[PDB]
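We name chains A, B, ... by the order of the sequence lines, and we start the count at 1 in each one.
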Amino acid sequence: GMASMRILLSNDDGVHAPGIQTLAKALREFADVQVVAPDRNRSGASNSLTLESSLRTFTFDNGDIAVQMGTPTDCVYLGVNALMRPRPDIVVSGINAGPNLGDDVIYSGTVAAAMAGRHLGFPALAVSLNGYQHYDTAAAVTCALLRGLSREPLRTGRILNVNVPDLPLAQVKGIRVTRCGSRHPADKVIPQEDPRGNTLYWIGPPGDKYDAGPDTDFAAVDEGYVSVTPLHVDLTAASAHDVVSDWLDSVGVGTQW
Amino acid sequence: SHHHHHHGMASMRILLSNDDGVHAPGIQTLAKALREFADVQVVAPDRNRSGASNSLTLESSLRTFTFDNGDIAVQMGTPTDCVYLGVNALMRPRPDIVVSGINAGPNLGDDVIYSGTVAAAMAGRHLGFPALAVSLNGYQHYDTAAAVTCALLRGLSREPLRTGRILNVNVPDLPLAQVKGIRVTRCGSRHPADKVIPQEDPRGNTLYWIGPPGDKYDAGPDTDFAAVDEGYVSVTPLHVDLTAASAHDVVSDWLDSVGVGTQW
Ligand SMILES: [Ca+2]
Ligand SMILES: [Mg+2]
């Protein structure tokens with residue numbers, strides 16, 4: 001093998017998470033792996049980053065780095081820019097306990113850390129397990145993808161979102177390239193009074209599946225396939241361009257006539 | 001019947017938020033303009049949360065605080081938490097639309113996915129009018145961004161907009177008379193940001209600041225960058241679907257070719 005793969009490994013659940021430790025161990029059988037991940041398991045970071053403050057890092061004995069109060073984006077950013085020299089070949093984010101599917105992906109810290117590694121020599125991988133049990137399955141799927149990538153370059157697509165059925169490896173049917181499904185709007189709030197009678201509010205669960213058709217990430221994982229969706233960060237909705245332009249003309253906004 | 005710039009002093013119910021927080025000049029100038037013709041409820045972060053993007057608070061309940069004028073701050077709340085709570089719990093009657101802004105500084109190109117301004121608008125995408133994110137390319141002409149947003153909202157009152165759930169609006173930092181018009185744009189892109197600014201704490205530990213955005217990369221003629229640089233309001237319709245559809249076949253052929261997850 002002419003060259004070792006050098007991986008920057010991060011996650012949404014922090015350095016202590018079973019998912020990131022299991023992955024790290026499996027990748028280290030063939031690759032050099034630097035962990036740079038949050039100091040703890042926080043929920044709901046998405047792609048936020050810390051701009052109002054500087055960040056502290058801590059290095060463990062095994063060389064793992066925790067960024068203190070770091071988001072997953074902050075971790076990949078420091079890792080790519082300042083803490084690994086030279087820069088990593090690729091960012092791998094995972095294994096996340098829990099699926100990152102459909103229109104949820106924009107809110108996922110696991111996806112966020114991969115999107116921060118989109119400009120490296122390989123497409124970044126975000127790896128989520130549809131459950132909490134078969135980390136070994138997700139780790140073997142990840143190793144298989146990475147072997148694929150060093151065998152033949154993937155030409156287009158800077159981020160792959162990978163969702164792994166929570167199944168023993170022998171039961172996973174295969175791998176499908178998918179698009180993101182969608183959900184109905186989330187609408188539940190759960191109010192709870194504090195001891196003084198003040199109402200506080202919890203964000204409720206996601207809305208029901210809407211677009212879960214045959215070509216979606218939801219469908220593939222349901223049928224026991226690995227789902228691979230390529231993602232990009234361009235939010236432009238190009239199909240709306242003519243409608244919006246026509247509308248502006250019609251209501252006279254930006255025209256005198 | 002009577003000739004005024006706007007018909008109705010409260011003809012639409014607006015949930016107004018931002019990521020700069022309730023005390024920011026951009027949201028306070030926008031609130032004051034909007035209240036001339038709309039029924040406005042501010043629900044915004046208790047402080048500046050630039051950097052919050054689409055993050056939300058899941059492992060903790062949120063507490064709200066209501067100011068004398070009725071503005072609501074969500075304590076520790078992100079822009080997404082503010083809109084989600086405003087819409088689903090706090091407002092009665094529910095809003096017809098979410099407006100988020102005016103942000104101090106632009107939200108252009110591939111930065112839009114990192115913007116808390118944009119995230120609040122995207123949490124309002126399911127309402128009857130498309131949500132607006134409004135950002136000023138500068139810090140001076142909040143007045144100009146407010147006039148532009150009021151023009152869009154009067155427009156929505158004349159005629160509903162059919163497709164496009166979220167409009168990302170960037171306004172040049174110019175007097176209104178100097179703004180050239182409006183273009184419907186696409187997001188351009190930047191080089192990766194690459195700077196990390198170290199700074200020692202008083203005990204001699206090294207702390208790190210995230211550096212500024214990378215250089216412009218794709219600022220083509222129909223980009224939001226180009227529009228604003230040329231003195232035009234940029235309007236880009238946005239969606240939340242991250243699927244790189246134009247990569248599907250290539251990824252699919254690559255898989256078949258390396259045979260990952262196949263037997264043979
Ligand atoms: Ca801001
Ligand atoms: Mg997680």
Quiz item: Is B/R183 positioned over the aromatic face of B/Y232, cation under 6.0 angstrom from the ring centre and no more than 45 degrees off axis?
Solution: yes
Self-check item: Heavy-atom check, side chain of A/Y210 versus side chain of A/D103, under 4.5 Å
Solution: no
Self-check item: Side-chain heavy atoms of B/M12 within contact of B/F129, under 4.5 Å
Solution: yes
Practice problem: Could you give me the CA-CA distance, side-chain angles and deciding distance for A/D104 and A/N100, then say whether side-chain hydrogen bond (donor to acceptor under 3.5 Å, both in side chains) is met? | Solution: CA-CA 6 Å; A/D104 287 356; A/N100 285 113; over 6 Å; no
Quiz prompt | Criterion salt bridge (charged side-chain N to carboxylate O under 4.0 Å, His left out) on B/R35 and B/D71, from CA distance to verdict | solution = CA-CA 12 Å; B/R35 284 178 175 121; B/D71 293 350; 3.0 Å; yes
Self-check item: Audit row: B/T57, B/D81, side-chain hydrogen bond (donor to acceptor under 3.5 Å, both in side chains) steps and yes/no
Solution: CA-CA 7 Å; B/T57 302; B/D81 295 325; 2.7 Å; yes
Quiz item: Do the ring centers of B/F67 and B/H23 come within less than 6.0 Å of each other?
Solution: yes
Less than 4.0 Å between a side-chain N and a carboxylate O, is that true for [Y] and [X]?
X      : Y      : answer
B/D222 : B/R186 : yes
A/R183 : A/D208 : no
B/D19  : B/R49  : no

Self-check item: Residue pair B/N137, B/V171: steps toward the side chain to side chain contact (heavy atoms under 4.5 Å, CB included) verdict
Solution: CA-CA 6 Å; B/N137 193 40; B/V171 178; over 6 Å; no
Quiz prompt | Chi angles and distances behind the side chain to side chain contact (heavy atoms under 4.5 Å, CB included) call for B/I113, A/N47 | solution = CA-CA 8 Å; B/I113 198 165; A/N47 5 229; 4.2 Å; yes
Quiz item: Is the number of heavy atoms from other residues, nucleotides or ligands within 6.0 Å of CZ (B/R94) greater than 12?
Solution: no
Quiz item: Taking everything shown except B/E36 itself, do over 12 heavy atoms lie less than 6.0 Å from its CD?
Solution: no
Exercise. Can you spot which of A/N161, A/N163, A/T178 makes a side chain to side chain donor-acceptor pair (under 3.5 Å) with A/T229?
Key: A/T178
Practice problem: Test side chain to side chain contact (heavy atoms under 4.5 Å, CB included) on B/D143 and B/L176 and set out the steps. | Solution: CA-CA 8 Å; B/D143 59 350; B/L176 190 55; over 6 Å; no
For [X] against [Y], the heavy-atom pair lying closest together:
X      : Y      : value
A/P230 : A/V177 : CD-CG1, 4.4 Å
A/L231 : B/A244 : C-CB, 3.8 Å
B/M76  : B/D46  : N-OD1, 3.0 Å
A/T73  : A/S46  : OG1-O, 4.4 Å

Exercise. Return yes if a side-chain donor-acceptor contact under 3.5 Å exists between B/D20 and B/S50, otherwise no.
Key: yes
Quiz item: Distance only, no hydrogens: is a donor on one side chain within 3.5 Å (strictly under) of an acceptor on the other, for B/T117 and B/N103?
Solution: yes
Quiz item: Do A/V80 and A/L8 pass the side chain to side chain contact (heavy atoms under 4.5 Å, CB included) test, and can you show the C-alpha distance, the side-chain angles, and the key distance before you say yes or no?
Solution: CA-CA 8 Å; A/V80 166; A/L8 169 54; 3.8 Å; yes
